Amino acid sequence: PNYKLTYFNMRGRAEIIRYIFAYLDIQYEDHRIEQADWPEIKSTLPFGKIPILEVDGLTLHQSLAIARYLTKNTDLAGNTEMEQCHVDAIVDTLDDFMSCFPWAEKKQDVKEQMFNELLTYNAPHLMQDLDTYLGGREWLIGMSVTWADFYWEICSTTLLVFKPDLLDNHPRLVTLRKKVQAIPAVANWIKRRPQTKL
């Protein structure tokens, strides 16, 4: 199939998709648009949002819906119907927290203030829940890597930018990040991808 992923030049909400393509060794057009080119594109979209993934002429939207589609029938989806549910559940739990941040707030002072508050008063509870959930296991779900692990690594990479000590109390979550980063295909993408703040 011919794939074309459209998003801004940043990891953001499209990174999970890029990790999946890398892991699966699938070629695709990583189309990164400049802010100025967004308006004319937005008007042609279903619900005016990106990322979107074009597959043989048809358009798909919603980052997680796309990610799930790409992992279907692969080892990244989950090893049992119930584990597949757990993968989806961990992914939404992580996405729910990421969606709490005022990424679009114009006023920098209020934005920064809210970021710091969420990272100091709210994040600790989620990190603990995740640590407890992971326990002494190697991966978040099952006994092999799933895209939920990829998502943890992607989300935490961004949160760590704003809160360096985020995982100082949870070395097990740090270990998981490193394990994902060590997967050859993932390590390679991480090394070659455009370096952007977000």
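All residue numbers are counted from 1 along the displayed sequence.
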Quiz item: Where do the C-alpha atoms have the higher mean temperature factor in this entry, in 116-124 or in 103-111?
Solution: 103-111
Exercise. Output the stretch having the higher mean C-alpha B factor in the entry; the candidates are 146-154 and 167-175.
Key: 167-175
Exercise. Consider only the C-alpha atoms of the modelled residues in this chain, order them by B-factor as the entry records it, and name the third containing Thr59: lowest, middle or highest.
Key: middle
Exercise. Check where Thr93 lands among this chain's C-alpha B-factors and tell me if it's the lowest, middle or highest third.
Key: lowest
Quiz prompt | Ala67 CA temperature factor, ranked by third within the chain | solution = lowest
Practice problem: Could you tell me which third, lowest, middle or highest, the C-alpha B-factor of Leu76 occupies within its chain? | Solution: highest
Practice problem: Can you work out whether the C-alpha temperature factor of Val87 puts it in the lowest, middle or highest third of the chain? | Solution: lowest
